[PDB]
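Participant: Pasting the sequence and an experimental structure:
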Amino acid sequence: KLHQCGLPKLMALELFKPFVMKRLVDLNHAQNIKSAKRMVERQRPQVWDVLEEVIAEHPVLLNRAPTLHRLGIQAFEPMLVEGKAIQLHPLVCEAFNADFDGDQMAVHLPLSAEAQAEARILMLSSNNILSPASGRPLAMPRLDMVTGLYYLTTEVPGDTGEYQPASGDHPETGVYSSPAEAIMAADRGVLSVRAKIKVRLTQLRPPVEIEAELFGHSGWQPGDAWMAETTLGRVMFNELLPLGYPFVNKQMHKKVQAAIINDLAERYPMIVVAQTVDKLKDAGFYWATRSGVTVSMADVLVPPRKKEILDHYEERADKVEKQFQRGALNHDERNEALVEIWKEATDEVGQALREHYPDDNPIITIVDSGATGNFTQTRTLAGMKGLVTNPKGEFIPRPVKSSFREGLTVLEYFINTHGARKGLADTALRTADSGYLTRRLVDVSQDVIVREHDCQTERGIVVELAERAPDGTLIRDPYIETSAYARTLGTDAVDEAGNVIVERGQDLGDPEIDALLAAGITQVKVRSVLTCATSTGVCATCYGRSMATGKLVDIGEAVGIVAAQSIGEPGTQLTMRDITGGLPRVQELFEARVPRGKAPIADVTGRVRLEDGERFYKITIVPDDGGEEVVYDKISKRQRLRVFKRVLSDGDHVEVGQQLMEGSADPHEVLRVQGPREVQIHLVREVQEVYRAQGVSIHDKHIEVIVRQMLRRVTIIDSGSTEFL
Amino acid sequence: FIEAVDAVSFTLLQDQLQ
Amino acid sequence: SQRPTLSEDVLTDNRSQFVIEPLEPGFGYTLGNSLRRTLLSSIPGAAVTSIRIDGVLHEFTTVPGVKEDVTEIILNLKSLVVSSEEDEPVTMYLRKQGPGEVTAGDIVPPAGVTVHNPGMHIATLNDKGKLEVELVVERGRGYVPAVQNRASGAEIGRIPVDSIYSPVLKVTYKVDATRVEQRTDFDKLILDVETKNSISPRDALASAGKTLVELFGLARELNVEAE
Amino acid sequence: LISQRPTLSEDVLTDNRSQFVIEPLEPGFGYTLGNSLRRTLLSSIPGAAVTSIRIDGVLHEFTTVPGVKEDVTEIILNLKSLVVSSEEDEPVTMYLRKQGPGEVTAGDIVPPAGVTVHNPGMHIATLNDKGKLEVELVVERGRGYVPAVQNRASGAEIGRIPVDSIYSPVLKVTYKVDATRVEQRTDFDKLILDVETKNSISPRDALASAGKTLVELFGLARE
Amino acid sequence: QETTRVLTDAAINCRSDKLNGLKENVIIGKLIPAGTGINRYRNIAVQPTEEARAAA
Amino acid sequence: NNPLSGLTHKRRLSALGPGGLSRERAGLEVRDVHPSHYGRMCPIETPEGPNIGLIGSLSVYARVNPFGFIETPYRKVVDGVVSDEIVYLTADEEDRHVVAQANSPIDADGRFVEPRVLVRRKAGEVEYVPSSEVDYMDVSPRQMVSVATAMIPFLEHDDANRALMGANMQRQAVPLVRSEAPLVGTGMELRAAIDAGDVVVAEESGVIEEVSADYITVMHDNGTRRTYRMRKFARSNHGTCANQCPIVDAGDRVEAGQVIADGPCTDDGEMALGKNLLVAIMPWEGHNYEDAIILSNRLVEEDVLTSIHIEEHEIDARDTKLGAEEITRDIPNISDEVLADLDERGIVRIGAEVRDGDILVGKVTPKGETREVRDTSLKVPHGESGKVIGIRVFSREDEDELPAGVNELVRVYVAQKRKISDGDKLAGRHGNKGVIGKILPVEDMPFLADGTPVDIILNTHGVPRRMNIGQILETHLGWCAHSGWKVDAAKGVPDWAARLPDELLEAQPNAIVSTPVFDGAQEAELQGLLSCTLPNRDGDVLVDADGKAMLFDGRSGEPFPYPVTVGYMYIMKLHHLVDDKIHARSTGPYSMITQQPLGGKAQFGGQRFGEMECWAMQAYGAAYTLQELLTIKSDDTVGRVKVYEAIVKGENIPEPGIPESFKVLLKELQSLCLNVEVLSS
Amino acid sequence: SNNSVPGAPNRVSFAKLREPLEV
Amino acid sequence: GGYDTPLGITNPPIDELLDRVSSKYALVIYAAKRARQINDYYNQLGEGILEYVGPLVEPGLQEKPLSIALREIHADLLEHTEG
RNA sequence: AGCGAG
Ligand SMILES: [Zn+2]
């Protein structure tokens, strides 16, 4: 069970040796402590009887080095196991990042009553289902369980015992009196667990519409009945969810399970969520086996049009090579042309492959269901490997045309080796770089502890939150779950002198986002850590909701370390792609290092005059006021200027701080010319952009905590009269 | 790499004399 | 072999959770599966197999005079719980009139048949309408799909329906590892059984045990003095 | 309703392996019963296998007897393939002797009363002019797999050489089911089981013992 | 990091740590001022209610 | 722990060492695979740790110039006639000329068919070049793989990382007690073994006279004779056994260079690192979740996987000022129950089983001032056990060389026949690693139509994304090898078998085959082979043409509704056995500079609760747990005894004090002339 | 092939080409 | 009450327990102090009566004092005052 | 010095 972990008796005996002696001496198995010591050292049989008793309700901390994030350490109830290996509940694997391929994990024993209370309440496995990073659940069905659920809950049209509206010959012959009848029929070869049937559900809440229509307002559903055109597999699945959850009636693609578990956690107590994920794990494991998802050479089907399109693209490659032989273009030009043409070739081959595979193929079933793997891996498996990176970083223009199924030839394998080796070495070094960045972040932001219920301040950043479309529409801004949720309002929302929609000082969750979007309001003022008006550490409300708990933070949470660790753990996932754009860019931003290409930024409004100077660009910003004509001349002509609604069209009225050139902006100059609010917004924006290039979801508020710790000192120019430099 | 039964024992033996 | 003790825990009057421990290292499954399947498909029972409704010859959309259409009548009569004492099929008739609700209790059972839930709603007859239906009851074992009508001319109004002969509706089993240490990982079989109100789950389990003890006694009847 | 009671016919493919046909079973039933009998046959058919051996010139499994081409552990590994049968549960003992060149076979063991080796032709060791093999084995009744019991665990002296024992006469068990599912729905399952034992006991008795253990176990649930 | 520089600077300035940080209290092995170590939660006093004493 | 590990330790190019670079200065540039490595180094086989690319292996054909350069052979084609003069080129010469790929359409006469072929140029560039231009061709494919990587069948389908890992772990497999030859391999299974030197090789051709486990005496062709003495149960440098078993009889005639006796991992000369196990590729009830492997209990019953780990415990009696150490039965006060094992010399009798806490060599140490001797006998460490293989003795009275002051030295060998246990690591030849999550009983495992239990199960969600489907082809060919096939030549020969050589159209069951590294069993040939496999016993082909069978769920009985990919895969037991991994501590030795617990399994030691863990604890807010994890459990010299006393007597756990290591820091700072003072007032 | 080893097992090979030089 | 029966380390349910205090840390210290008091009472029961009292609820089979403390917290038999 | 997990 989720709150349980195995323990080999040959280890539990040694760990609990201090305790077993007591429980056996007082049981008179021995007559003194020393005699009990003998019993333990002799491993005499009676110990295994007393041991099993002195271990119950005695949590132990499981740890796995590296402890990247807060979830690395989790307290489990130990139960005796035979063998020599710590049995680990599979669900928690994603929390530990563990994969049973030789991983070693450490058990620690909390002794003191305070420590045992900490283990039971704070750190227990079942009390921690949501990642502190962004609230995405970690103890949710993954990998094998996802495939099992996807097989169970999908709907294949044409399976055994469909629901057909037959007439004359016979009635529908698809309805079933109760899911009991459905399972009884499915036991024999009459019904399949992925066939469309009309069941009479009587223990599950229908979807919102069915309940609201049939029963109107308050139709309880522990004892009523209703028709459902579902699949028996889906009914089996929905019996796993609590009694109150509306019937879902969908295909449990991994995102859907994430949404389901998130909904459960947000609304239902923690025990219910833990039990629900336990039962989901059980059903997933049970059904993945019958899913028959296996891999075989007959199940890896090469596309049928491979040779012809490859020949055509090779003919184009030969044409460009002939052009090179005539000097029509330089060697870099022909390298780029070949790379681009072969990229088109890879796109076409992948498209044809994805077209050819029917959905029932095990590989496409694994990939589509979100169990694991990306589609490009399947393209390599039956397709072509595509371009291969030359060790410097360029692209070998051959490129590989043989699929791993068809078997690479010698030189193509030797070429692929470059990419493999460089990937491994990059991972090895980037792990250390990430560790160091994590240490620095933890040290900067350790003092940030929630130590006050309320600032009662009035400031606070604003959020775009689905700005209006050019034609007119509240298209949701892509970044809401990482910049809008889990905040406290600094204002009250009113639309066109309308009624107050949401009140100040209240937790902002998804229902309020839907309410705001329905209302017609996008700009919102929200309390944030940046504007926290507290002395020592941030206050509770300015911080907002805690991801792991889902409620308002306590008044002892060391949110600074949580922010540092949640910002550091994604590290070792950002691959470097001159201005840096990978982890070293995040390092530069947090460290506040001057960027490489200092794209000059405007200093004042007004029209701008641009000239393509001799090897550089001369730009003069007409100051709207009587300011000095800010003129910049020493700029490399290679870099292109900022583009916008035009590439800095001569005469543009760029604001007093708009980046003129396209490149990187020094945070120091941005702070100087726009102020702390703007520099905070810019820093969080850039860091979020870097982390989101790899599709990582981390709430800003961590990054805002770090930025707040960065901007807490002031440089003085007037000595005053009190020992100030 | 260069290197509680007896301590606990000595306390216990003094008590046993008690 | 430590005595495989069997204990029971009632959760409802017609729903039980039996637990059998401690079994041999791996026998837990053998038990659980054999029981489960036999319970489901070894206790004879009866249910309505076919129905004829007045005025139903080509149209099956609905029966005039009753709000419930054909599908409701057949799916509810699926749930109708009847016990029988005669092996060959028997014919029931139901007649009702006037506003109100037609209920299971209206059917008069002759000798050898009975209804264990007479008070179950069947349909709603309104507008001074009349509802006359005939049913066929048969005893059997397991779950049999609706039988296709072989002779179209023979059965003008016959509407064969799926019949849940088996008197147990849901049985499911799990295994555990009671006292893994000193007993070295014996099995603990947890059976959850839910049966219609005809018989208590105790009776169903006892009958399953009877029949399977006999079935394996057949194998026993090859060498009486076997070890 | 079906009242016809099930049957148990048998087709003896050979002295070792034999088929058993059970019919007419209820729909969707044959697989469950087949697997139950299969698990019983693979698990809990009591038999006999060598539990320990002793050699005069040896003190443990890691060594070489003078003259033999096969080391001691290879000898235990060859003896693992012995098939025997005991009519008494006490730990009986048997002797084996050989001098001079030539091979040693199970047929050259002199079992005491009751026990007997059913595979005389198996190959143990290849003694030569200087070879002299004198090994005494211990056999006992039992069930399933059991690892070697340590000398220290019992009062055994240095000489004894424990060997893990495999009391399981059954060798390979499978089944098939040919369901009828006729249009009229008079259907049944005709289980066809196939058992193959390692010559230690004919399959009839193996299946009979499986049935006996199963009847008692389900009898407990019945009451 | 830069232990030598930090130590020399602290020695010259005659700085005085106040032991009010997580890392510090960790080094000297007293309760960190986070979570259960804060004064509010660390100083909770528990005694059975009046009815509990009555039931005794 | 292998012969392959020994062989591959040789032929190893270590870029780090004296006069060379180091890890700190080794950037990504020096670690890549420079395109001149082709044939002069193994692009695939490198360690995964902090040595990636710094420690490679020599290629199979590579040769060393006297100047220290690494030559490779090449065949000189002279205007479309691939000749036979194997000329050795260096990197520079190879860059000068133009070299063609190893596999090319040679038209049985030395000329090419395709107008242009794949070809390497000066700076490693790969292109097409007119056929007449080519002047050099590789001797053969697999010229660019070391000994280890060259034994991975179907290497041409494995992504380089999985091949790297598999080539690494082939050097880790423990030598079993059978060591069956692999059912699918390459041409390297033989030469490698013979070059490893384990197998005794006929120095000269002759006629066998006397065969015995200890030694073999062979009559040479001319009067003389030679006796080869065999190493039986000799300890290996990593604790594995080094058995050698003869495979000849008294009457055989041995030719010069023949393999006379098997090594630790050899099987009639071939390299046998593991076993052919019947594998299914279905996800079975989650026990094989996230790389975990399920095993049949058959592998334990039949002893398919089992290693003989031999240990070495040594003690020496020395002369001290208070007296002279002497091992004997006359131990200080002790019960007679513990001298049973010891012989008259006070050392454990050979063959006597020993377990944790038992005495191996009694020893009494001159007690002097405060019996004239205290107790210092060598007790076998915690968690060990097994039989005493052998006892070696060195005595001063025997005028044997010993360190000064050592009156005597004794070495005790204890060997344990370690079985396969859940938690232990298994892996194939494709880096498809995993621990043994559960060892099911033989009954409740999937079985085929005729009741053959599957001996292993692998998760399906580790084949595709790892891009090592080579193992799938491996197990397909393995099934074809186990069952045996027969191509039906009713109408000539099938087209797919056109390129297939004779002697492969038919093959008896368990006919070992070979699929060389980069040229081998094509997909079409494998499909055709699978299409016609001889029925095992009856008219029943278990595996269809797709390679997937119908598996009967052994746990419930009903068949699995869809087929399963079953076959015969070769897997080996890696030397990461749990019995050497597990460890606990409750109170053990403590260091002396700081009173923290020691660290290591050789001692008791604890487990380093480092800094990242402390950050995790701070993040949770758990303060008391952290405090006791850093104060009473490890450092508070007064705290440890008091808390132990409280636990044993059951009182409450006392309040933690001040870490000692903090006191040591304070004292060091004070000894650094920094007046670091403390006050609370 | 031949394997040129006086006692090697007759392990059949799929090799489509000859090896001019033994290892 | 829509949850399955809690068993082992998860009985009492944590949410119903959190309702007795403001935040989880308060619960941890509250339960741990009560557990300390139980342990001292059980140890010093050998000699005369002393100010520590309890357990209020009926202990189970050789339970760890902390479990009894948590049971008492759940049953609402306790009262805590914060610093 | 070598190796395992990330
Ligand atoms: Zn605030």
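Facilitator: It's in. Numbers count the residues shown, from 1 in each chain, chains lettered A, B, ... in the order given.

Participant: Look up how far residue A:689 lies from the residue in chain H that chain C sits nearest to.
Facilitator: For chain H and chain C, the shortest gap (CB to the nearest CB) falls at residue H:5, measuring 11.1 Å. Backbone N, C-alpha and C define where each C-beta goes, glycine included. Residue H:5 sits 49 Å away from residue A:689, going by CB to CB, to the nearest Å.

Participant: Spit out the contact partners of the residue of chain H closest to chain C.
Facilitator: residue H:11 (CB atoms under 8 Å, 6 or more residues apart in numbering or on different chains).

Participant: how far away is the residue in chain C positioned nearest to chain F from chain B?
Facilitator: For chain C, the residue closest to chain F is residue C:26, as judged by CB to the nearest CB, at 5.1 Å. Residue C:26 sits 43 Å away from chain B, going by CB to the nearest CB, to the nearest Å.

Participant: show me the residues around that residue that make contact.
Facilitator: C:187, D:39, D:43, F:441, F:443, F:444.

Participant: residues contacting the closest residue to residue A:642 other than its chain neighbours?
Facilitator: Using CB to CB, 6 or more residues apart in numbering or on different chains and skipping residues adjacent in sequence, the residue nearest residue A:642 is residue A:662, 4.6 Å away. Residue A:662 is in contact with A:599, A:639, A:640, A:641, A:642, A:643, counting by CB under 8 Å, 6+ apart.

Participant: and these, which are buried?
Facilitator: A:599, A:641, A:642 (16 or more other CB atoms under 10 Å in any protein chain shown).

Participant: Which one of the residues you listed is nearest to residue A:157?
Facilitator: Using CB to CB, residue A:642 comes nearest to residue A:157 of the buried ones among the contacts of residue A:662, at 52.9 Å.

Participant: Ignoring the adjacent residues along the chain, who's closest to residue F:560?
Facilitator: Nearest to residue F:560 is residue F:551, by CB to CB, 6+ apart, at 5.2 Å.

Participant: Let me know whether that neighbour touches residue F:449 as I believe.
Facilitator: No: here residue F:551 lies out of contact with residue F:449, judged by CB atoms under 8 Å, at a distance of 9.0 Å.

Participant: Which of these two has more residues huddled nearby?
Facilitator: residue F:551 (27 against 18; other CB atoms under 10 Å in any protein chain shown).

Participant: Distance check, residue A:4 against residue A:56.
Facilitator: 11 Å.

Participant: what touches both of those two?
Facilitator: residue H:8.

Participant: Just give me the neighbour total for residue A:515.
Facilitator: 13.

Participant: quick one: contacts for it?
Facilitator: By CB under 8 Å, 6+ apart, the neighbours of residue A:515 are A:501, A:502.

Participant: before we move on, what SS does it have?
Facilitator: helix (DSSP: H, G, I helix; E, B strand; the rest coil).

Participant: Relative to residue A:496, how far out is it?
Facilitator: 16 Å.

Participant: Kindly report the residues of chain A close to RNA strand I.
Facilitator: Contact residues, chain A versus RNA strand I (CB under 7 Å from any atom of the strand): A:65, A:66, A:97, A:98, A:99, A:101, A:102, A:103, A:104, A:428, A:431.

Participant: where does the residue lying closest to residue C:45 once chain neighbours are set aside fall, phi/psi-wise?
Facilitator: Nearest residue to residue C:45, sequence neighbours excluded (CB to CB, 6+ apart): residue C:167, at 4.2 Å. Main-chain dihedrals, residue C:167, degrees, to the nearest 10: phi -90, psi 0.

Participant: same check, this time on residue C:171
Facilitator: phi -130, psi 130.

Participant: now the one 10 residues further on
Facilitator: With angles defined as degrees, to the nearest 10, residue C:181 sits at phi -90, psi -60.

Participant: give the contact list for residue C:197.
Facilitator: Residue C:197 touches C:13, C:14, C:81, C:116, C:117, counting by CB under 8 Å, 6+ apart.

Participant: who in chain E is up against chain H?
Facilitator: Chain E comes close to chain H at residues E:35-36, E:38-49, E:51-53, E:55-56, as judged by CB under 8 Å from any CB of the partner chain.

Participant: Out of those, list just those in strands.
Facilitator: If you go by DSSP state E, these have E:45, E:46, E:47, E:48 in strands.

Participant: Quick check: of those, which lies closest to chain G?
Facilitator: Nearest member of those to chain G, counting by CB to the nearest CB, is residue E:46, at 77.7 Å.

Participant: Run a quick neighbour tally on that closest one.
Facilitator: Counted with other CB under 10 Å, residue E:46 comes out at 20.

Participant: swap in residue F:50?
Facilitator: Other residues close to residue F:50 by other CB under 10 Å number 11.

Participant: need the contact list for the residue in the stretch 401-550 of chain F positioned nearest to the ion.
Facilitator: Across the stretch 401-550 of chain F, the shortest distance to the ion (CB to the ion) belongs to residue F:465, at 45.3 Å. With CB under 8 Å, 6+ apart as the criterion, the residues that contact residue F:465 are A:372, A:373, A:374, A:377.

Participant: from those residues, which would you call buried?
Facilitator: Using 16+ other CB under 10 Å, the buried members of the contacts of residue F:465 are A:372, A:373, A:377.

Participant: Next step: these restricted to helices.
Facilitator: Counting by DSSP state H, the buried ones among the contacts of residue F:465 place residue A:377 in helices.

Participant: closest to chain B among the buried ones among the contacts of residue F:465?
Facilitator: residue A:372 (42.9 Å).

Participant: on that earlier part again, of the contacts of residue C:197, select the buried ones using a ChimeraX command.
Facilitator: To isolate in ChimeraX the members of the contacts of residue C:197 that are buried, counting by 16+ other CB under 10 Å, one can use:
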select /C:14,81
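
Participant: Among the contacts of residue C:197, which lie within helices?
Facilitator: Per DSSP H, the subset of the contacts of residue C:197 in helices is empty.

Participant: can you tell me which two in the contacts of residue C:197 are farthest apart?
Facilitator: C:13 and C:81 (14.6 Å).

Participant: what's the closest non-adjacent residue to the closest residue to chain H within the stretch 251-400 of chain F?
Facilitator: In the stretch 251-400 of chain F, the residue that lies nearest chain H is residue F:286 (20.8 Å; CB to the nearest CB). Nearest residue to residue F:286, sequence neighbours excluded (CB to CB, 6+ apart): residue A:285, at 3.2 Å.

Participant: Same question for residue C:6.
Facilitator: Counting by CB to CB, 6+ apart, the residue nearest residue C:6 is residue C:20, at 4.8 Å.

Participant: List the buried residues of the helix or strand harbouring the one you found.
Facilitator: Using DSSP states H and E, residue C:20 sits in strand C:15-23. Neighbour counts over strand C:15-23 (16+ other CB under 10 Å) mark C:16, C:18, C:19, C:20, C:21, C:22, C:23 as buried.

Participant: List the beta-bridge partners for the fifth one.
Facilitator: Here residue C:21 sits in beta bridges with residue C:5, as judged by DSSP bridges.

Participant: And it, how far from residue D:220?
Facilitator: 11 Å.

Participant: shared neighbours of these two, anything?
Facilitator: Listed as contacting both residue C:21 and residue D:220 by CB under 8 Å, 6+ apart are C:4, C:5.
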